[PDB]
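One file, input_7.cif, carrying mmCIF, N, CA and C atoms and all ligand atoms:
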```cif
data_entry
loop_
_atom_site.label_atom_id
_atom_site.label_comp_id
_atom_site.auth_asym_id
_atom_site.auth_seq_id
_atom_site.Cartn_x
_atom_site.Cartn_y
_atom_site.Cartn_z
N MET N 1 119.06 70.81 24.78
CA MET N 1 118.40 70.41 23.49
C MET N 1 118.54 68.90 23.22
N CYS N 2 119.80 68.40 23.21
CA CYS N 2 120.09 66.97 22.96
C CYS N 2 121.00 66.40 24.06
N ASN N 3 121.11 65.05 24.12
CA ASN N 3 121.95 64.37 25.12
C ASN N 3 122.40 62.98 24.61
N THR N 4 123.68 62.63 24.87
CA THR N 4 124.25 61.33 24.45
C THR N 4 124.94 60.63 25.64
N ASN N 5 125.96 61.29 26.23
CA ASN N 5 126.73 60.75 27.39
C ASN N 5 127.37 59.37 27.09
N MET N 6 127.98 59.24 25.89
CA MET N 6 128.64 58.00 25.46
C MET N 6 129.92 58.30 24.64
N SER N 7 130.77 59.21 25.17
CA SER N 7 132.03 59.61 24.50
C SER N 7 133.03 60.19 25.51
N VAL N 8 134.24 59.59 25.59
CA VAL N 8 135.29 60.04 26.52
C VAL N 8 136.64 60.19 25.76
N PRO N 9 136.97 61.42 25.24
CA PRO N 9 138.23 61.65 24.50
C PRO N 9 139.45 61.77 25.44
N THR N 10 140.52 61.01 25.13
CA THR N 10 141.76 61.01 25.93
C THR N 10 142.97 61.47 25.09
N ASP N 11 143.20 60.81 23.93
CA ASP N 11 144.32 61.14 23.03
C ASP N 11 143.90 62.13 21.93
N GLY N 12 142.65 62.00 21.43
CA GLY N 12 142.15 62.89 20.37
C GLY N 12 141.95 64.33 20.84
N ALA N 13 142.84 65.24 20.40
CA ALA N 13 142.78 66.66 20.78
C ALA N 13 142.95 67.57 19.55
N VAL N 14 142.42 68.81 19.65
CA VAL N 14 142.50 69.80 18.56
C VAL N 14 143.45 70.95 18.96
N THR N 15 144.48 71.21 18.12
CA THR N 15 145.47 72.28 18.38
C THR N 15 146.21 72.70 17.09
N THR N 16 146.60 73.99 17.00
CA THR N 16 147.31 74.54 15.82
C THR N 16 148.40 75.57 16.26
N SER N 17 149.35 75.86 15.34
CA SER N 17 150.47 76.80 15.60
C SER N 17 150.03 78.24 15.95
N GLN N 18 148.86 78.69 15.45
CA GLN N 18 148.35 80.06 15.72
C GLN N 18 148.12 80.29 17.23
N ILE N 19 147.14 79.57 17.82
CA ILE N 19 146.82 79.67 19.26
C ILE N 19 146.79 78.24 19.86
N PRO N 20 147.99 77.67 20.21
CA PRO N 20 148.08 76.30 20.76
C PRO N 20 147.72 76.19 22.26
N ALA N 21 147.89 74.97 22.82
CA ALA N 21 147.58 74.69 24.23
C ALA N 21 148.52 75.43 25.21
N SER N 22 149.75 75.78 24.77
CA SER N 22 150.74 76.49 25.62
C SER N 22 150.17 77.80 26.20
N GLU N 23 149.42 78.57 25.37
CA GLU N 23 148.81 79.84 25.80
C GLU N 23 147.43 79.59 26.43
N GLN N 24 146.62 78.70 25.82
CA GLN N 24 145.27 78.38 26.32
C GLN N 24 145.26 77.10 27.18
N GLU N 25 145.90 77.18 28.37
CA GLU N 25 145.97 76.06 29.32
C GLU N 25 145.40 76.51 30.68
N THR N 26 144.06 76.66 30.74
CA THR N 26 143.35 77.10 31.95
C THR N 26 142.07 76.27 32.18
N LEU N 27 141.72 76.03 33.46
CA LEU N 27 140.51 75.27 33.82
C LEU N 27 139.26 76.15 33.72
N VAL N 28 138.14 75.57 33.25
CA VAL N 28 136.86 76.29 33.10
C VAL N 28 135.73 75.59 33.88
N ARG N 29 134.77 76.39 34.40
CA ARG N 29 133.63 75.86 35.18
C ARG N 29 132.31 76.03 34.41
N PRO N 30 131.28 75.15 34.67
CA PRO N 30 129.98 75.22 33.97
C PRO N 30 129.01 76.28 34.55
N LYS N 31 128.90 77.43 33.84
CA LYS N 31 128.01 78.54 34.24
C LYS N 31 127.69 79.49 33.05
N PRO N 32 128.73 80.08 32.34
CA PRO N 32 128.50 81.00 31.18
C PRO N 32 127.71 80.37 30.00
N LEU N 33 127.63 81.11 28.86
CA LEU N 33 126.89 80.67 27.65
C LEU N 33 127.77 79.84 26.68
N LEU N 34 129.07 80.17 26.56
CA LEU N 34 130.00 79.47 25.63
C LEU N 34 130.03 77.93 25.85
N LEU N 35 130.21 77.49 27.10
CA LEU N 35 130.26 76.04 27.43
C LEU N 35 128.86 75.37 27.48
N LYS N 36 127.76 76.16 27.36
CA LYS N 36 126.39 75.61 27.36
C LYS N 36 126.08 74.82 26.06
N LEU N 37 126.79 75.17 24.96
CA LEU N 37 126.62 74.50 23.65
C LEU N 37 127.19 73.07 23.69
N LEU N 38 128.47 72.94 24.12
CA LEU N 38 129.15 71.62 24.20
C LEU N 38 128.54 70.71 25.29
N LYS N 39 127.81 71.29 26.27
CA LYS N 39 127.16 70.50 27.34
C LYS N 39 125.96 69.67 26.79
N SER N 40 125.41 70.07 25.61
CA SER N 40 124.28 69.37 24.98
C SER N 40 124.74 68.37 23.89
N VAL N 41 125.87 68.66 23.20
CA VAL N 41 126.37 67.79 22.12
C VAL N 41 126.93 66.44 22.64
N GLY N 42 127.67 66.47 23.76
CA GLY N 42 128.24 65.24 24.33
C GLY N 42 129.39 65.50 25.30
N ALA N 43 129.15 66.35 26.32
CA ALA N 43 130.17 66.69 27.33
C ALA N 43 129.54 66.74 28.74
N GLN N 44 129.41 65.56 29.37
CA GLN N 44 128.82 65.44 30.72
C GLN N 44 129.92 65.14 31.76
N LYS N 45 130.65 66.20 32.17
CA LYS N 45 131.75 66.09 33.14
C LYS N 45 131.64 67.16 34.24
N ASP N 46 132.48 67.04 35.29
CA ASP N 46 132.49 68.00 36.42
C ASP N 46 133.15 69.33 36.00
N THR N 47 134.41 69.27 35.52
CA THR N 47 135.16 70.47 35.09
C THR N 47 136.00 70.15 33.84
N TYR N 48 135.96 71.06 32.84
CA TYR N 48 136.72 70.89 31.58
C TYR N 48 137.86 71.92 31.50
N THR N 49 138.72 71.79 30.47
CA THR N 49 139.86 72.71 30.25
C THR N 49 139.62 73.57 29.00
N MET N 50 140.39 74.67 28.85
CA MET N 50 140.25 75.59 27.69
C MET N 50 140.55 74.87 26.35
N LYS N 51 141.44 73.85 26.38
CA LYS N 51 141.81 73.08 25.17
C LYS N 51 140.70 72.07 24.78
N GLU N 52 139.97 71.53 25.79
CA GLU N 52 138.88 70.56 25.55
C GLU N 52 137.62 71.24 24.98
N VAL N 53 137.41 72.55 25.29
CA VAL N 53 136.25 73.32 24.79
C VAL N 53 136.28 73.45 23.24
N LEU N 54 137.50 73.45 22.65
CA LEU N 54 137.67 73.54 21.18
C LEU N 54 137.34 72.20 20.48
N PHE N 55 137.61 71.06 21.17
CA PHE N 55 137.35 69.71 20.61
C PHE N 55 135.84 69.41 20.49
N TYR N 56 135.05 69.76 21.54
CA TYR N 56 133.59 69.51 21.55
C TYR N 56 132.84 70.37 20.52
N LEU N 57 133.32 71.60 20.27
CA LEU N 57 132.69 72.52 19.29
C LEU N 57 132.97 72.07 17.84
N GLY N 58 134.16 71.48 17.58
CA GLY N 58 134.52 71.01 16.24
C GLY N 58 133.78 69.75 15.79
N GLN N 59 133.45 68.85 16.75
CA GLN N 59 132.73 67.59 16.45
C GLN N 59 131.27 67.86 15.98
N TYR N 60 130.63 68.91 16.53
CA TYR N 60 129.24 69.28 16.18
C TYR N 60 129.14 69.84 14.74
N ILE N 61 130.18 70.57 14.30
CA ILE N 61 130.24 71.18 12.95
C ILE N 61 130.43 70.10 11.85
N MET N 62 131.07 68.95 12.20
CA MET N 62 131.32 67.86 11.23
C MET N 62 130.13 66.88 11.13
N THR N 63 129.52 66.51 12.28
CA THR N 63 128.40 65.55 12.31
C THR N 63 127.06 66.16 11.81
N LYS N 64 126.80 67.44 12.13
CA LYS N 64 125.54 68.12 11.72
C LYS N 64 125.59 68.65 10.27
N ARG N 65 126.78 68.67 9.63
CA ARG N 65 126.95 69.18 8.25
C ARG N 65 126.68 70.69 8.19
N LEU N 66 127.68 71.48 8.63
CA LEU N 66 127.59 72.96 8.64
C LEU N 66 128.37 73.55 7.45
N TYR N 67 129.60 73.04 7.22
CA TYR N 67 130.45 73.50 6.11
C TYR N 67 130.49 72.43 5.00
N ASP N 68 129.85 72.73 3.85
CA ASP N 68 129.77 71.80 2.71
C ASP N 68 129.81 72.55 1.37
N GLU N 69 131.02 72.70 0.80
CA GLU N 69 131.21 73.40 -0.49
C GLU N 69 132.57 73.05 -1.13
N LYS N 70 132.72 73.34 -2.44
CA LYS N 70 133.97 73.06 -3.18
C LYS N 70 135.06 74.08 -2.80
N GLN N 71 134.74 75.38 -2.92
CA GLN N 71 135.67 76.47 -2.57
C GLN N 71 135.39 76.93 -1.13
N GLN N 72 136.20 76.44 -0.17
CA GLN N 72 136.02 76.77 1.26
C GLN N 72 136.44 78.22 1.56
N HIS N 73 135.46 79.05 1.98
CA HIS N 73 135.71 80.47 2.32
C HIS N 73 134.92 80.92 3.57
N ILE N 74 133.61 80.59 3.63
CA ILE N 74 132.75 80.97 4.77
C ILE N 74 131.65 79.91 5.02
N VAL N 75 131.26 79.72 6.30
CA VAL N 75 130.21 78.74 6.67
C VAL N 75 128.86 79.43 6.93
N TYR N 76 127.76 78.65 6.90
CA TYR N 76 126.40 79.18 7.13
C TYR N 76 125.72 78.44 8.30
N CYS N 77 124.84 79.15 9.04
CA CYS N 77 124.11 78.57 10.19
C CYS N 77 122.77 77.95 9.74
N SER N 78 122.20 77.06 10.58
CA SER N 78 120.92 76.38 10.27
C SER N 78 119.89 76.58 11.40
N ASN N 79 119.74 77.84 11.88
CA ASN N 79 118.79 78.20 12.95
C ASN N 79 118.99 77.35 14.23
N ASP N 80 120.16 77.53 14.88
CA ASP N 80 120.51 76.80 16.12
C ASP N 80 121.27 77.72 17.10
N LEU N 81 121.66 77.18 18.27
CA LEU N 81 122.41 77.95 19.30
C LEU N 81 123.85 78.36 18.84
N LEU N 82 124.31 77.85 17.67
CA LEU N 82 125.65 78.17 17.12
C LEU N 82 125.86 79.69 16.94
N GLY N 83 124.82 80.41 16.46
CA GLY N 83 124.91 81.86 16.25
C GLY N 83 124.39 82.71 17.42
N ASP N 84 124.50 82.19 18.66
CA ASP N 84 124.04 82.90 19.88
C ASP N 84 125.23 83.34 20.77
N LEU N 85 126.37 82.63 20.67
CA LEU N 85 127.59 82.96 21.47
C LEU N 85 128.46 83.98 20.72
N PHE N 86 128.60 83.80 19.39
CA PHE N 86 129.41 84.71 18.55
C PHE N 86 128.59 85.95 18.13
N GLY N 87 127.31 85.73 17.75
CA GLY N 87 126.43 86.82 17.33
C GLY N 87 126.59 87.21 15.87
N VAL N 88 126.85 86.22 15.00
CA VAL N 88 127.02 86.45 13.55
C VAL N 88 126.31 85.35 12.73
N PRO N 89 125.69 85.70 11.56
CA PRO N 89 125.00 84.71 10.72
C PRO N 89 125.99 83.76 9.99
N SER N 90 127.15 84.31 9.56
CA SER N 90 128.19 83.54 8.86
C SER N 90 129.59 83.91 9.39
N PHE N 91 130.49 82.91 9.48
CA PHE N 91 131.87 83.13 9.97
C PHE N 91 132.88 82.21 9.24
N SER N 92 134.19 82.44 9.45
CA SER N 92 135.25 81.63 8.82
C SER N 92 135.69 80.48 9.74
N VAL N 93 135.91 79.28 9.15
CA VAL N 93 136.33 78.08 9.91
C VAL N 93 137.87 77.96 10.04
N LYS N 94 138.61 78.23 8.94
CA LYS N 94 140.09 78.14 8.95
C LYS N 94 140.75 79.32 9.70
N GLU N 95 140.01 80.44 9.91
CA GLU N 95 140.54 81.60 10.64
C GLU N 95 140.51 81.30 12.16
N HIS N 96 141.69 80.97 12.73
CA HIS N 96 141.81 80.62 14.16
C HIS N 96 142.05 81.85 15.06
N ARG N 97 142.45 83.00 14.48
CA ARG N 97 142.69 84.23 15.26
C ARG N 97 141.41 85.10 15.41
N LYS N 98 140.25 84.61 14.88
CA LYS N 98 138.96 85.32 14.97
C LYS N 98 137.96 84.57 15.88
N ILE N 99 138.03 83.22 15.90
CA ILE N 99 137.11 82.39 16.72
C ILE N 99 137.59 82.26 18.19
N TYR N 100 138.92 82.14 18.42
CA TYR N 100 139.46 82.00 19.80
C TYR N 100 139.30 83.29 20.63
N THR N 101 139.38 84.46 19.98
CA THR N 101 139.23 85.77 20.65
C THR N 101 137.81 85.95 21.24
N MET N 102 136.78 85.44 20.52
CA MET N 102 135.37 85.53 20.97
C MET N 102 135.10 84.60 22.17
N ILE N 103 135.79 83.44 22.21
CA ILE N 103 135.66 82.45 23.31
C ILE N 103 136.29 82.97 24.62
N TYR N 104 137.28 83.90 24.51
CA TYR N 104 137.97 84.48 25.69
C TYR N 104 137.13 85.55 26.43
N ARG N 105 136.07 86.10 25.80
CA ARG N 105 135.23 87.15 26.43
C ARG N 105 133.92 86.62 27.04
N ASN N 106 133.44 85.43 26.62
CA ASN N 106 132.17 84.87 27.14
C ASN N 106 132.38 83.56 27.93
N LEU N 107 133.40 83.51 28.81
CA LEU N 107 133.66 82.30 29.62
C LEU N 107 134.26 82.63 31.01
N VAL N 108 134.33 81.61 31.89
CA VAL N 108 134.87 81.76 33.26
C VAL N 108 136.09 80.84 33.46
N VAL N 109 137.08 81.31 34.26
CA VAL N 109 138.32 80.54 34.54
C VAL N 109 138.60 80.45 36.05
N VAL N 110 139.47 79.49 36.44
CA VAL N 110 139.84 79.28 37.85
C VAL N 110 141.08 80.13 38.22
N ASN N 111 142.19 79.94 37.47
CA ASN N 111 143.45 80.69 37.71
C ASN N 111 143.56 81.87 36.73
N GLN N 112 143.60 83.10 37.26
CA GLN N 112 143.69 84.33 36.45
C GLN N 112 145.01 85.08 36.69
N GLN N 113 145.37 85.98 35.75
CA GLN N 113 146.60 86.80 35.86
C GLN N 113 146.39 87.95 36.87
N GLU N 114 145.21 88.59 36.82
CA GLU N 114 144.84 89.69 37.73
C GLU N 114 143.87 89.18 38.81
N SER N 115 143.80 89.88 39.96
CA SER N 115 142.90 89.48 41.07
C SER N 115 141.42 89.73 40.73
N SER N 116 140.66 88.64 40.51
CA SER N 116 139.22 88.72 40.16
C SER N 116 138.47 87.46 40.62
N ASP N 117 137.14 87.60 40.86
CA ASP N 117 136.28 86.49 41.30
C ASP N 117 134.98 86.44 40.46
N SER N 118 134.43 85.22 40.28
CA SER N 118 133.19 85.02 39.50
C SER N 118 132.12 84.28 40.33
N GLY N 119 132.42 83.04 40.77
CA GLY N 119 131.47 82.27 41.57
C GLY N 119 131.84 80.79 41.70
N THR N 120 130.90 79.97 42.22
CA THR N 120 131.13 78.52 42.41
C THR N 120 129.86 77.72 42.04
N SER N 121 129.94 76.92 40.95
CA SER N 121 128.81 76.10 40.47
C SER N 121 129.31 74.90 39.64
N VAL N 122 128.86 73.68 39.99
CA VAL N 122 129.26 72.45 39.28
C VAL N 122 128.02 71.60 38.92
N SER N 123 128.02 71.01 37.71
CA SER N 123 126.92 70.16 37.23
C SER N 123 127.46 68.85 36.63
N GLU N 124 127.00 67.70 37.16
CA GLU N 124 127.45 66.38 36.69
C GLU N 124 126.33 65.32 36.80
N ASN N 125 126.45 64.24 36.01
CA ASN N 125 125.46 63.14 36.01
C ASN N 125 125.99 61.94 36.80
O1 LIG F 1 142.67 73.09 9.94
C1 LIG F 1 141.77 73.96 9.95
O2 LIG F 1 141.90 75.15 9.60
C2 LIG F 1 140.37 73.51 10.36
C3 LIG F 1 140.54 72.40 11.40
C4 LIG F 1 141.16 72.94 12.68
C5 LIG F 1 140.10 73.81 13.35
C6 LIG F 1 140.62 74.52 14.43
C7 LIG F 1 141.62 73.98 15.23
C8 LIG F 1 142.12 74.69 16.31
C9 LIG F 1 141.60 75.95 16.61
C10 LIG F 1 140.59 76.49 15.82
CL1 LIG F 1 139.95 78.04 16.19
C11 LIG F 1 140.11 75.77 14.73
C12 LIG F 1 139.00 72.87 13.82
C13 LIG F 1 137.93 73.61 14.32
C14 LIG F 1 137.56 73.46 15.65
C15 LIG F 1 136.52 74.23 16.17
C16 LIG F 1 135.86 75.14 15.36
CL2 LIG F 1 134.61 76.14 16.02
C17 LIG F 1 136.22 75.28 14.03
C18 LIG F 1 137.26 74.51 13.51
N1 LIG F 1 138.56 71.98 12.72
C19 LIG F 1 137.36 71.14 12.92
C20 LIG F 1 136.25 71.72 12.03
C21 LIG F 1 134.80 71.34 11.79
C22 LIG F 1 135.90 70.65 10.99
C23 LIG F 1 139.31 71.78 11.62
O3 LIG F 1 138.87 71.01 10.77
#
```
Would you give me this structure, written as structure tokens?
Ligand SMILES: O=C(O)C[C@H]1C[C@H](c2cccc(Cl)c2)[C@@H](c2ccc(Cl)cc2)N(CC2CC2)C1=O
Amino acid sequence: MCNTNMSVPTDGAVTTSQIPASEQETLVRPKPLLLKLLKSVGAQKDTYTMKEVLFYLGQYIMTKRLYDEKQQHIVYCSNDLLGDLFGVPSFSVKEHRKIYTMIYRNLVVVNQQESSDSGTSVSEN
């Protein structure tokens, strides 16, 4: 949909006590639907990590103006790919135990706990 390719985050990272980087420290490859959203906002790299996928999704919600109200309780969509990975019209932003669980079912990883295979595909500029 869109393209920028003018942003490289090194120190700026997103993490909280609920589900921190200690548990979500796995490499991800470009193929599923979850990482297809951040690939258009501003993420043109070979391979990303599970912790970096949360940073690219948070920047789009702040710049496009998704959550704007006095009493923060629930956010609304504006007819975009945001409601195609989760499959809901409205969701909670401060609830970290509801958004991370959905990201764990629609993605691919390199190192797994059980013996499983997915494929091999890389995209870069
Ligand atoms: O403190 C808070 O409760 C919110 C805070 C942290 C929040 C977050 C951090 C780590 C894991 C998760 Cl799941 C969520 C993070 C965020 C990141 C990604 C999404 Cl999809 C939704 C929210 N944002 C950026 C938001 C647009 C402004 C925050 O402002």
> Can you list, as JSON, numbers by chain, every protein, DNA or RNA residue that comes within 6.5 Å of segment 69-74 of chain N when you count all atoms listed in the file, leaving out same-chain residues fewer than 3 positions away?
Replying inline: {"N": [90, 91, 92, 93]}
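Here the question is which of N:3, N:118, N:10, N:18 gets nearest to residue 96 of chain N using only C-alpha atoms, and that residue is N:18.
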>> Show me which residues are within 8 Å of ligand LIG 1 (chain F) counting only N, CA and C atoms and all ligand atoms, and format the list as an NGL selection string.
In response: :N and (13-20 or 53-63 or 66-67 or 92-101)
>> Could you list, as a ChimeraX atom specification, every residue within 6.5 Å of residue 40 of chain N, counting all atoms listed in the file and ignoring same-chain residues fewer than 3 positions away?
In response: /N:1-4,36-37,43
> If you measure from atom N of residue 111 of chain N to atom N of residue 27 of chain N, what distance in Å do you get, rounded to one decimal?
Replying inline: 5.6 Å
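Considering the residues N:108, N:7, N:24, N:75 and counting only C-alpha atoms, residue 121 of chain N has its shortest atom-to-atom contact with N:108.
If you look at atom CA of residue 83 of chain N and atom N of residue 68 of chain N, they are 16.2 Å away from each other.
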With the input short on atoms, add N, CA, C and O atoms back to segment 8-23 of chain N and write it as a CSV table (one decimal), keeping the file's coordinate frame.
```csv
chain,number,residue,atom,x,y,z
N,8,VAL,N,134.2,59.6,25.6
N,8,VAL,CA,135.3,60.0,26.5
N,8,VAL,C,136.6,60.2,25.8
N,8,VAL,O,137.4,59.2,25.6
N,9,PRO,N,137.0,61.4,25.2
N,9,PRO,CA,138.2,61.6,24.5
N,9,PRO,C,139.4,61.8,25.4
N,9,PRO,O,139.4,62.5,26.4
N,10,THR,N,140.5,61.0,25.1
N,10,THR,CA,141.8,61.0,25.9
N,10,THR,C,143.0,61.5,25.1
N,10,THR,O,143.7,62.4,25.5
N,11,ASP,N,143.2,60.8,23.9
N,11,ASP,CA,144.3,61.1,23.0
N,11,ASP,C,143.9,62.1,21.9
N,11,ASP,O,144.7,63.0,21.5
N,12,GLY,N,142.6,62.0,21.4
N,12,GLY,CA,142.2,62.9,20.4
N,12,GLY,C,142.0,64.3,20.8
N,12,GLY,O,141.0,64.6,21.6
N,13,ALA,N,142.8,65.2,20.4
N,13,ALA,CA,142.8,66.7,20.8
N,13,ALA,C,143.0,67.6,19.6
N,13,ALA,O,143.5,67.2,18.5
N,14,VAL,N,142.4,68.8,19.6
N,14,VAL,CA,142.5,69.8,18.6
N,14,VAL,C,143.4,71.0,19.0
N,14,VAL,O,143.3,71.6,20.0
N,15,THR,N,144.5,71.2,18.1
N,15,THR,CA,145.5,72.3,18.4
N,15,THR,C,146.2,72.7,17.1
N,15,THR,O,146.4,71.9,16.2
N,16,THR,N,146.6,74.0,17.0
N,16,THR,CA,147.3,74.5,15.8
N,16,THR,C,148.4,75.6,16.3
N,16,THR,O,148.4,76.1,17.4
N,17,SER,N,149.4,75.9,15.3
N,17,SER,CA,150.5,76.8,15.6
N,17,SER,C,150.0,78.2,16.0
N,17,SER,O,150.8,78.9,16.7
N,18,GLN,N,148.9,78.7,15.4
N,18,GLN,CA,148.4,80.1,15.7
N,18,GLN,C,148.1,80.3,17.2
N,18,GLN,O,148.8,81.1,17.9
N,19,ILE,N,147.1,79.6,17.8
N,19,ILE,CA,146.8,79.7,19.3
N,19,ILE,C,146.8,78.2,19.9
N,19,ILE,O,145.7,77.6,20.0
N,20,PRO,N,148.0,77.7,20.2
N,20,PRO,CA,148.1,76.3,20.8
N,20,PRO,C,147.7,76.2,22.3
N,20,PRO,O,147.3,77.2,22.9
N,21,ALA,N,147.9,75.0,22.8
N,21,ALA,CA,147.6,74.7,24.2
N,21,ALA,C,148.5,75.4,25.2
N,21,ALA,O,148.1,75.7,26.4
N,22,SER,N,149.8,75.8,24.8
N,22,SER,CA,150.7,76.5,25.6
N,22,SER,C,150.2,77.8,26.2
N,22,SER,O,150.4,78.1,27.4
N,23,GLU,N,149.4,78.6,25.4
N,23,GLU,CA,148.8,79.8,25.8
N,23,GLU,C,147.4,79.6,26.4
N,23,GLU,O,147.1,80.2,27.5
```
